[PDB]
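Below is one structure, written out as structure tokens; the observations come after it.
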Amino acid sequence: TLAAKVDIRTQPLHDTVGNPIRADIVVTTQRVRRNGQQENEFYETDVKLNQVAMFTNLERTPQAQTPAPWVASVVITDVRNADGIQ
Amino acid sequence: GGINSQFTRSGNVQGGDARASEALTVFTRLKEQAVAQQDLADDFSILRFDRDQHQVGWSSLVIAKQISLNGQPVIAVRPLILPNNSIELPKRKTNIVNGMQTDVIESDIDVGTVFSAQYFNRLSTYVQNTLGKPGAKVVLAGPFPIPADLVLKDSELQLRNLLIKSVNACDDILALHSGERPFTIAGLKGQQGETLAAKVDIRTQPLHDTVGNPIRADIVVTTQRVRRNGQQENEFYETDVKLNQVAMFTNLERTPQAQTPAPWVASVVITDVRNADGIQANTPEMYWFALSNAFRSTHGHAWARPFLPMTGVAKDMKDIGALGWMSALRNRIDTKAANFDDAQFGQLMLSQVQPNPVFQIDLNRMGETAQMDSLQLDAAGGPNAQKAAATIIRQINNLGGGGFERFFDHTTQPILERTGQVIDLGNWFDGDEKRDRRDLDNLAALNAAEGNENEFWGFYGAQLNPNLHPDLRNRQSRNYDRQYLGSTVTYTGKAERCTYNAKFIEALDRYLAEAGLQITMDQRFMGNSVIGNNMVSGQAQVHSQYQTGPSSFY
Amino acid sequence: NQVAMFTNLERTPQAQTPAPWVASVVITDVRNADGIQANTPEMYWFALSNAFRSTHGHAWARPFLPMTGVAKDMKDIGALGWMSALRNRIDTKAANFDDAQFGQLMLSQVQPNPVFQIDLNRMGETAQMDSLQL
Amino acid sequence: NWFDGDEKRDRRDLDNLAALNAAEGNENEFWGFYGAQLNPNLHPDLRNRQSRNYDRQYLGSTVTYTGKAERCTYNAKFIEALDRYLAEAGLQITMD
Amino acid sequence: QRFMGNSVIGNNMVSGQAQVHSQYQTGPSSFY
């Protein structure tokens, strides 16, 4: 089965040339192949496919002063595949 | 997986471990250099245990030396784990329940859990297949991981010392399996009119491991040979007169009594036990002889010496005045004052500290003395409880003649006790130099949190609460260290704390003392401490209704 | 079987680490089940043996804890603080007060072990055993 | 037995804690009440008189005496010996 | 003479408690 794991980060991600990229929320997709008597304890075979880096930002609607004043907008910065996949 | 084989784009990316080949090359060059300088002998081999083609958590380096005993080959191995920071092992998930809600806890995996029975079985099979002997017997000599965040390009001396020590350990285990003369104190007389002296020492800078790992050490007890004759020659020159060294530090524990006995009890923790640098041999009977020096620290209450304030500086991390926060007066006792001195320091220690200490040891299954720490952990409790105790008793009997039964009875007396406490091993870089993570103790936490008792009590419960799950305790301990110490903490391993039996230490000391071992070494009135021994118990002897009713029984 | 018990506090004569007060448990009534119509001497000791079992989890101190909602003020345990180090009484029936420091109070002012006593009566239902014990 | 406002109750409800609650801060009166119970020097009739006066003072006017009883203390070792003998004799009782 | 308390109740005290029915991971060892 395919499982998706969410993650919250505080250190920025890095590009292939060392360029930092802001990333607060990281969503990944993995392959879970846990059978009954699974062998290879503590050893994993590259079970990971995708990775998306996201961070949220707040925008204020122009209403003078029940709806909330602020609206949360999520910005997608980087989309990439697994390192193993060429 | 199959995706790469399904598209097959030209070029290769990743798929390799680069912290094993370089280490192997470095070790081969170091071995060649050592052999060239007539430091070792070309009789051992160095092999690589790749994780990729063996499917294991961590790659390792193994140093195998083989001999022949009665026609049966014997191989001794000293694996060296090689953790890498470029890859992440999958974490371990645990579930706990609180009321109507269930949550998932993500733990972390240490080096110790990687080295399991299956790992050693695969390593032994690989070594047997590589060396050409399928049925050869394989005996472990003690694993020793190489810590991460260590640059191998400029650490040649530590690696060289580690290799020589590994060869020495392999020789030691091979000699023990072959069978040699046990080390006894009867051969330490020297028949030359010398005596053994023990010197106590108080330190402030941490001790260092063979790979630069800091170790906290406040009290150091050593044993030396004093050979000062009449017209002694060689002035200012000394010939390696030193045998043992034990590093100790004290910690305070509070008994649960509501508010004449002192509120706090002092517990002494033994961190490192080692022999002299000159001595290249390590045998089981030397370990107990070195450990016997720990009890000698109570000759003049030397365990309380580090507690007294130093003049001129105040790090405010080990201040003893914080002990007064929970005393009868809410505020703290103010040291660093003109009036304060040793005159009432003794009064404070008498009125708030128990006179007798407690002895504890921080056993580590992955340290330098792993082969004895594992044995003591097994003797503490488990399926192998009788065998370990019998082996320990046999070793103690072998050291110093025999007849240990007159002082101890292992049949109906526990040797070591497990307190159910797990201690992290790490280092935090102070402003001046790298220090040890174990510097944070009960007194340090009390100093950090001036008056808020609830936070300190939460921290104290985060260590030894039996009701709370161990993973939560580890999480709280890792959060508190970050809160207090700093952002430079780097964990390296795990350790367990155990408490020795009170009678066992005294019996061992008395047995060694009676076995011909003689060790020599080194104010305002307060009242009469001897008048209370003589007290009359009795009282002077001088000559100077119950209505009933009918009973069916009689 | 069924045994009815209630605890009472006695004060040892010590002038001012041992707790000032000692708890004494008084056994009032010992009886068998309603269905059983037989009364023999060997059942009395079997029933009385149940009295010692009340100390399995310090169950003798359970009635002392305050009840929520009502306060008859006749069995209040806060009066024990009148002769304590502080002159005033400890104020129960408060938001902060709970079992967290109730155990602390019992440890610091009540002896851990109880005392067993019996109120023998030569004219009660079990007169033939009360007279023998007297 | 003394008739409470709601229903008839038992006279033994008045104990050391009840007397301490009734007398808030006057320690001397409570000490006199405590001595009225187990003073060996004072005669038993005076102790009964004081105990009958204190009950009237605290409980109420509905007290109605019915009999007499005596208090005794079991031996500490006897209870433990009896419990151990019954336990070793094949009796197994389980609870929380 | 004024009463001060019961000096004999403390001699009789129950010492015991009511008697009712109601990990350890290891590693390789060279010794055994």
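Every read-out reported here was derived from the displayed coordinates using simple, explicitly stated rules and does not represent laboratory data. Note: ideal-geometry Cβ built from the backbone for every residue, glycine included; neighbour counts use all protein chains shown.
Loop-located GluC sites (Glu not before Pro) in region A:1-53 (DSSP state not H, G, I, E or B) with no more than 10 neighbouring Cβ atoms inside 10 Å: A:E39. Assuming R0 = 56 Å, what is the FRET efficiency of B:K165 and B:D334, from their Cβ-Cβ distance, to the nearest 0.05? In this case the efficiency is close to 0.70. For the peptides D:81-91, B:97-107, the ranking by packing is D:81-91, B:97-107, with the highest mean count of neighbouring Cβ atoms within 10 Å listed first. Based on the alpha-carbon gyration tensor of region B:142-207 and its eigenvalue square roots a ≥ b ≥ c, which shape applies: rounded if a/c is under 1.5, prolate if not and a/b is larger than b/c, or oblate? Taking the square roots of the gyration eigenvalues as a ≥ b ≥ c, region B:142-207 is oblate. Both the radius of gyration and Dmax for the protein assembly as shown are 36.6, 117 Å, in that order, over alpha-carbon atoms. Put simply, when B:66-74, B:388-396 are sorted by average Cβ atoms within 10 angstrom per residue, most first, you get B:388-396, B:66-74.
For region D:60-75 versus region B:301-364, the spacing of their alpha-carbon centroids is 57 Å.
If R0 equals 35 Å, the separation of the Cβ atoms of B:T239 and B:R181 corresponds to a calculated FRET efficiency of about 0.90.
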